[PDB]
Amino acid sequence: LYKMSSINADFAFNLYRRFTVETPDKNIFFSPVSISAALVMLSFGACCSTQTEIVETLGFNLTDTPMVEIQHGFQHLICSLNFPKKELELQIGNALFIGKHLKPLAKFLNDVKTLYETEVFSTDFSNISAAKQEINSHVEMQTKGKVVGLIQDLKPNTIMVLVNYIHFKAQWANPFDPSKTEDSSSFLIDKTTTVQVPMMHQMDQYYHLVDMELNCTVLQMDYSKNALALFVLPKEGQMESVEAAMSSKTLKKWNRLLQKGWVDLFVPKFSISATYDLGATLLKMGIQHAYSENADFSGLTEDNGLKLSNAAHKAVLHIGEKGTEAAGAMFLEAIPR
């Protein structure tokens, strides 16, 4: 329901804040749904404290939302996101690359295939370089070429890799006229430094507000169907304070306050990319037993034969006159327990 939506959004913002500490005053770009979806998939095969740590780290209180409801919710989420919508490209899916000597439970496999948009591939991790290339090429394909080289290094004793991918391509409800785009306009990257960017320009009715508490401008730009972009522009010197305030509660407040009116709007045309090594971050956030020799993934294989070793994410974004294209992928690596 929308209990889950509040929780997933708050996870996104808490992880965002961790990144503002890890990579201070740098571009940040990630898909929270990709990260959340991958971890919940892993949790399907987990038991006891290994399982509860994962879903509690994702933000869930097991009293409010029992393990089975969380499982149900995420299965329904993936289904809904993939349901075909005219004028919107949105796909989110998973791939499990399972070592050819592992003994996966039929129940774990049939479930993820049927209920969680998962393709399963028997993989020869005795050729680690070839396996790395196969997985990278699969992710590249599923992201329409946009996420290249997800996995830079794969441990020599890897026996399973779980990947989630997301690809999004949409047109603005009100596209920009490229004849009104300025080739080179200043964009302030710090107090005394500008870079030059193409600056798109149109005057249109947009939902917008000035948040009087948080001292920021909020501008909504709709895609033609089922999606929107929100731009949050803090007053000079106020980015840190706005970052501290971002939460599901803040989004709910803005949803009420946004009003449609004429705006003379200037938006840059640009692309960025980001990568995250998430292993240590997820450990710090509370996923501990998954990495340990007493990891409990008894729902995944007959012999409970694996443990988590590494995690990483890559995401890319392009914004231009026609719309937006964005993609991301999440990687979880397992080794013998």
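The first residue of the sequence shown is number 1, and the count goes up from there.
The mean Cα B-factor in the deposited entry runs higher for 147-155 than for the other of 147-155 and 252-260. Looking at mean Cα B-factors across 202-210 and 73-81, the upper value is held by 73-81. Out of 97, 108, 266, 176, it is 108 whose C-alpha atom has the highest B-factor in the PDB entry. Take 185, 171, 247, 91 and read off each C-alpha B-factor from the entry; 185 has the highest.
Among the modelled residues of its chain, residue 4 has a C-alpha B-factor that falls in the highest third, as given in the PDB entry. Among the modelled residues of its chain, residue 66 has a C-alpha B-factor that falls in the highest third according to the deposited record. For residue 220, the recorded CA temperature factor ranks within the lowest third of the chain's modelled residues. Ranked against the other modelled residues of its chain, the C-alpha B-factor of residue 32 as given in the entry falls in the lowest third. Split the chain's modelled residues into thirds by C-alpha temperature factor. Residue 274 is in the lowest one.
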